[PDB]
Protein chains: 2
Amino acid sequence: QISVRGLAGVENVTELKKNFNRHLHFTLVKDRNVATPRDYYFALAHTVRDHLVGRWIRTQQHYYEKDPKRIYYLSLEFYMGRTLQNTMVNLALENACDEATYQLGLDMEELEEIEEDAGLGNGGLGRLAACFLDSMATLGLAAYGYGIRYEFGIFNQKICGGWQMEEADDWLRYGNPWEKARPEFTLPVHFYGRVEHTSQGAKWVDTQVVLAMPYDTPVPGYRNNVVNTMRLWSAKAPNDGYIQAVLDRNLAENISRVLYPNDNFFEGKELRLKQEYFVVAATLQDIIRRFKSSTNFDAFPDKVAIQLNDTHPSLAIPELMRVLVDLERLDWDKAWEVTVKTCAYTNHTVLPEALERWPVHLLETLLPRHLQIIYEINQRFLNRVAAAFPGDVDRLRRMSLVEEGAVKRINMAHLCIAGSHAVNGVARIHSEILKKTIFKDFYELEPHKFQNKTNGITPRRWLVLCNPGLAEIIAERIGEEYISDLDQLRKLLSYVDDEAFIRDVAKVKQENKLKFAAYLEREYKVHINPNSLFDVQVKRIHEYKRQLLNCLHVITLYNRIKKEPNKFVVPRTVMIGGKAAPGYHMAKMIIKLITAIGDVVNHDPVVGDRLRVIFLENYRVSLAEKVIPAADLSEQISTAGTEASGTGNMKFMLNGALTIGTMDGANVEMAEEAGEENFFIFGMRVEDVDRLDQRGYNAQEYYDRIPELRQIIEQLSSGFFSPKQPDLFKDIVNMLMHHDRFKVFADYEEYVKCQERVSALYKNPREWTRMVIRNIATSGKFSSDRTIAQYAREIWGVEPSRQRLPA
Amino acid sequence: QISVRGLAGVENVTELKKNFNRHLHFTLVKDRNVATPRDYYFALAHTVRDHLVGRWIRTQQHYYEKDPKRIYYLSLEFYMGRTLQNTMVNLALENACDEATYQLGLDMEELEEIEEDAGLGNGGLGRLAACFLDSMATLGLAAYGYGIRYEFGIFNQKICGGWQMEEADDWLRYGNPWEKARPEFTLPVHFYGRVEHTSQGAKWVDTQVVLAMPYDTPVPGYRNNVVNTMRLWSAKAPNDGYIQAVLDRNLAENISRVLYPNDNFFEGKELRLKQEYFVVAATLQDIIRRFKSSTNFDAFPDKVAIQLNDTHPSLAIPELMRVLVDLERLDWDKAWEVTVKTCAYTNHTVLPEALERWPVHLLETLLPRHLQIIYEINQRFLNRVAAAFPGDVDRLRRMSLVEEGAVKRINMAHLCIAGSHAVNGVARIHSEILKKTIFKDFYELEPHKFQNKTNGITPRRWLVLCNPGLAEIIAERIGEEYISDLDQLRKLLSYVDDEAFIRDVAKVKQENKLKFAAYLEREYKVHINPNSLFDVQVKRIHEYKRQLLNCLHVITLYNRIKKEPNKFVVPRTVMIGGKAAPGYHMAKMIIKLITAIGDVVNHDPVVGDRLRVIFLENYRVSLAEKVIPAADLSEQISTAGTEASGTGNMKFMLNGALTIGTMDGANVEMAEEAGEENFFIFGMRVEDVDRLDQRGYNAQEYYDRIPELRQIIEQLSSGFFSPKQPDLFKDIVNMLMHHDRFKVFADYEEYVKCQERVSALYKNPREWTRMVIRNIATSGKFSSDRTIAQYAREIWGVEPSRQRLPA
Ligand SMILES: O=C(/N=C1/NC(=O)[C@]2(O[C@H](CO)[C@@H](O)[C@H](O)[C@H]2O)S1)c1ccc2ccccc2c1
Ligand SMILES: O=C(/N=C1/NC(=O)[C@]2(O[C@H](CO)[C@@H](O)[C@H](O)[C@H]2O)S1)c1ccc2ccccc2c1
Ligand SMILES: *Cc1c(COP(=O)(O)O)cnc(C)c1O
Ligand SMILES: *Cc1c(COP(=O)(O)O)cnc(C)c1O
């Protein structure tokens, strides 16, 4: 049907059709009279998968022959989403498969909907890893994603009586066609034991062994025939009364059982520490094995880069030391040199509660040798600080890897900085925050180490895949090359006064909104006005992301309508979605508040279809692909200084929504690229937040001086939104009035006024759309291809390449 | 190379070769430069598997169209062994695959050795089910094997310092290519809860749900294009703080985790009871579903037979009642009629310690509704007994399903007899023992119910597959038809005086012995004389099987040699193998004794290579396939009355070993078929055992009157076979002298004398071989095709058929 989806060549359609029937028969062991849509999905998946195989084997043997520097991206999270469409798009097979399936009497879109999200991540951090893998393959880098194959990913969210319920995400139920088990490359990982000092050196003995079994998933580049590998480790018990011994194997296998859902919040659980060491230990053995298969580790950093994502794989540093010193018998200083030059650290958040500080007594029991190594690292590091800042004893305690207190802890961030040749934040303002406040001491010691790498999103998944209509009308004007060179979208500025283009942009959006409005009615039995402004806030539920500020605005619009029912207001559908961590009580109350507001607003006859409030259940990657293309307004309203980057923001910008946001994270750079005129900026800057903290934040002051705000609080306290439970939202009110770390009231007035300017512009369709065009056209910077090219050149020391391998 | 292995057609060899390379590339994702033998095994397995698919789908749709009566064989054990060679043999693909693999530079025998045994059984009971499935497919019956897919089968046995060590049998480690997961046919199974009585009737509520997920394995008939199904259930947790809830899913999934290894010994564990109900509940739903997909259950017994193997699936009876009464709303009497006519019960052992007697308090908690139903069954059954034997109150308590005592128990055997239209034993003498002693009361009440079905073995696995040399020389004389009509082997009697045949028989044996002697040196680093008589006892280690009696003989030969070193004796290699249940201390001591005897005998310079004692480690189906064809003497020496049938006995007879045995189980019928002249029979008959029990067995009497026996006991007690631990075998000596339930001493003299007659005949090769020919030639009765044809006609009410389906 459309250009970007590739060719539907007769011979290719014929081959696809026959391989589809082959898989249905020989792989699924079904006939067409008993097959269900799920069987058809799997037959298609196997048919598409076959096309990866040759390229995957060729790519990997190519890396063996040429022996480039290898990039190892270590993360506890990879939020991959669905793989089928992505693979089709990247192999140029989408229209052919569409045609082939159509000719067999099947709707391919329907089969695509059967695939489960691979939800091996919480949100932005996990999704960044997924976008990054796509970009690394597209840029021809010899890159491996390494993580854990969780049996259960991020929980499925059900809303019951307005409350979040968590259900196990049993994503492997029907099998995963995209993974290849590699039980032959299983490696041992050690835990517990104790350290023995011999004449030869230290020795870690009496350990409990857990096996790490790899599963490889292919990562196809965009139309370059490169297929890289994501290797995820699964925990297996070694083979060495009777019945119970067999059942106790589960204890070891529990390591890879479930993803911790407590995003941006450190809890210090032992099982999580085991997960972290598990991924690190197996990965480094694999890395070393691959390096040796080409005594001398001098060239190790020329052939290996290890990128640490947050502190979660920070044990890579002492593990690499352990292997080099205890097993390879390198001297400490040489080992350290190799380690530092091999490792680099990316910080993704400065929220204090997210910082990993592991109790020493835990490390002592679980990883006794690693604690010894960390102590040694600390002593040599502080000697360097002492020599550079003589007499500065408070600096010494501030920079130490060891924190003193009732319980001694190890600060994993400090460890990462010490053992890495580069440290980066993920947006300019965040990286500056690192140098100025959080890691100031370290920046003063080693300024050369600190960098910025502003985040990005992949334009394959986040434009071509999820918004084919938009990708097509753009390709009509400027061709297809932008898909792997997103800066080319700048060429769209010369169409900002083009009447046909303005019409096309607005048509694509309207179609996306109709499609999404239909999804709502069909799959969730709820009606919305598709001519309303689609006001969307989708992200994890957290106080810092200030879903509550959005709630206050919604209640304000509602009270205004009730006060003057017969005045015109721009109709809105306000959509809020996202998951709360299971033990985050305040986040769960916020969800309940949103649904409660919806209960009142959506059933008030006076309001009509002028204001609707929907909580989008089970927000996840597959749902983001549907809602983001349908959005008019993107809510990016975190308190300045708290969102390190954000990436949802970028997705919305690329897909034709306008942004209302604070000058936080990557929003700053988005406003800078599009022009501040083309961005709905409001609220405190970081500097204002600091000024207010020095003075003391008093919420009461705002309650006293803003009647509209006062009314909302009184409605909350009195039970207006909770008739049968008048005091249900007391915790929320109390938090807002007395212990709001994120200053919701401080931005309320400017937010509401800024929202009025949004409504004003939406009344002028032509000027709305022209501003949209200016956003889309300047979104090029926020491609993960740009981000990864920067990592490659400035951190890993490798050159990206768009040259294709032979098919 | 050889006839029986089928055609190596050029076009077939070409197709096999290309599908092999296709699977290596697309399925295994390897190239020939990195592939290992294991990869080659899997490529071959996938290539062969492809040939089953069309036949499997065709067979099952054929059963749908014609709608024959369906046979459901319920067992907790299926000891399948390896599947690759069996599938090749049954599809006539063996030489083609041999040729195809040879042409790719691969040895097929080497790849066959890589396949793991499916060890989902303990021994003879599990193996009988496997043989039976093969025969049912070969006889064109619409038959399903139903059981549990254990994650861990029978443990791997390692011998350490002469002691058995158990290792988890992680048989699914590398995947199982022969199973197809069918997660779409997953069914709920209920546990716990309580019973609620309404106006409508009884209702079982507040249950915990476990999901039963089927895995289907194909069961190919012999060259008839029939492929039946073995469906094995796996336990899954349903999808409905947080971390721990996810980890606790393991509790539900533990149901299908491990096979209970306590063969012929009831322990009364709850997890085992859960396994039994799990298989029964899922299976019956599946059965009913299939029946409805063709209100009126009158025709249920015309379309369904359920064969219960031992009492392990005895809950099928009250479960079927529960479904018919509580869910389908049939009246009790009609439900009962349907149940009785649907179910049949096979008893496989009369050892008292093997009898399942479940504590009422267990059933009460776990399966409250089933206990109510069992009580009702009991009351109506005893009313029938009372009316037939008025006044006979002791009969009432003897026949009751409920046993009184400190703990009340349910006798599952009594339940089975009551709820089945047929009850059979597994060899003539055993079935007579059922009528005369164990189930006498029930036989008097319902004599028509009691039958015999003498066991059999499949001649495919147990001749063609494991002994191709023998199958070939037989086929040269009488053609190939005997392979599915084993009675034809009678034709070999007319070759008993044929000199070429005698030479061929003895040549095949000698080659088998050389091959097995090589296996010993290669895979276990031990040397044996291949010209010695191969004296073999392989079966589970149990007191009733009297491995100890064999040990006494071995020690007797040793002492005789030491007493007269320079006299000639027929050289022997004495081989004993088998697993002991982990908690069966006496069985573990017996293993240790065997290895200890080996330590003394095998290193005594005076003995030379005239006597060797080897314990065969990890006896299992794949090892039986190697050792049985190499055996000269088959030890079947259980105390008369204890081995219900035996099946190893039959395997040996078919493969050219002579039998030394008691008149126990199927040995009686084997001697009857071959002629007692052609069988080394010795020892007490059942009648003699009974006479001795009435009088009181006094072992001391034998110790007093047999000096050779006295010497052996004194050697045992004094520490001759345990120098560093003089008292190591005190328990054995004490048991033999004071509490030997199996009368080892009572058969010692006759056993030793009978063993001298064996040696005498072995000195005359020509007459040995002629006696062998008379055994092989009369082994036809012991085909499982005969057994299954008898079940079909006399129990299930269906006609077997050798007619082929279209390929
Ligand atoms: O940092 C974490 N989560 C993040 N999620 C994000 O979305 C963050 O990374 C993105 C990618 O750089 C940024 O765009 C977001 O602003 C930032 O919040 S950081 C985090 C921290 C501690 C955790 C502990 C247990 C489990 C998950 C955790 C995740
Ligand atoms: O009966 C059992 N085992 C048998 N094993 C056999 O080999 C038996 O069946 C064969 C097939 O009919 C007969 O040939 C054997 O003589 C008989 O011992 S019966 C048995 C009994 C209780 C069990 C409890 C837990 C686990 C396994 C069990 C097996
Ligand atoms: C992009 C994305 C995120 C991150 O969104 P932010 O608004 O930057 O927090 C979270 N979840 C999913 C499913 C995503 O696709
Ligand atoms: C046939 C067989 C058995 C049963 O042997 P008996 O001598 O009848 O106890 C046990 N185990 C295996 C592996 C078998 O093949």
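Note that chain A carries Swiss-Prot numbering, so the residues on display, from first to last, are 13-252, 262-315, 325-837.
Looking at the header, which is where the method is noted, we find X-ray crystallography, 2.1 Å.
Each Cβ is built from the backbone N, Cα and C atoms, and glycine gets one as well.
A:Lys681 is the residue among A:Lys313, A:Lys575, A:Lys681 that Swiss-Prot describes as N6-(pyridoxal phosphate)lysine.
Here the Cβ of A:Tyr473 (phosphotyrosine) has 18 other Cβ atoms within 10 Å, regardless of which shown protein chain they belong to.
DSSP gives A:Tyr204 (phosphotyrosine) a coil state; it is part of no helix or strand. In the deposited coordinates, A:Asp252 and A:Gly262 are the last and first modelled residues around 9 missing ones; Cα to Cα they measure 14 Å. Under the DSSP three-state reduction, A:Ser430 (phosphoserine) is assigned to coil, being neither helix nor strand. Distance between the Cα atoms of A:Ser315 and A:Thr325, which bracket 9 unmodelled residues, is 12 Å. Counting other C-beta atoms within 10 Å of each candidate's C-beta, the recorded positions A:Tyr156, A:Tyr204 are led by A:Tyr156. Across the structure, A:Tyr204 (phosphotyrosine) and A:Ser430 (phosphoserine) are spaced 25 Å apart at their Cα atoms. DSSP gives A:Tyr227 (phosphotyrosine) a strand state.
Taking the C-alpha atom of A:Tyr473 (phosphotyrosine) as reference, the shortest distance to any of the recorded positions A:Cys109, A:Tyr156, A:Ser514 belongs to A:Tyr156. Considering only the recorded positions A:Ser15, A:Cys109, A:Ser747, A:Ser430 (phosphoserine) has A:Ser747 as its nearest partner by CA-CA distance. DSSP assigns A:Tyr156 (site 'Can be labeled by an AMP analog') to a strand in the three-state reduction. Taking all protein chains in view, 13 other C-beta atoms sit within 10 angstroms of the C-beta of A:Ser748 (phosphoserine).
Here the candidates are the recorded positions A:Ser15, A:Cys143, A:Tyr227, A:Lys681. The one whose C-alpha lies nearest to that of A:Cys109 (site 'Involved in the association of subunits') is A:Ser15.
Of all the modified residues given, namely A:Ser514, A:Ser747, the one with the smallest number of surrounding CB atoms inside 10 A is A:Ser747.
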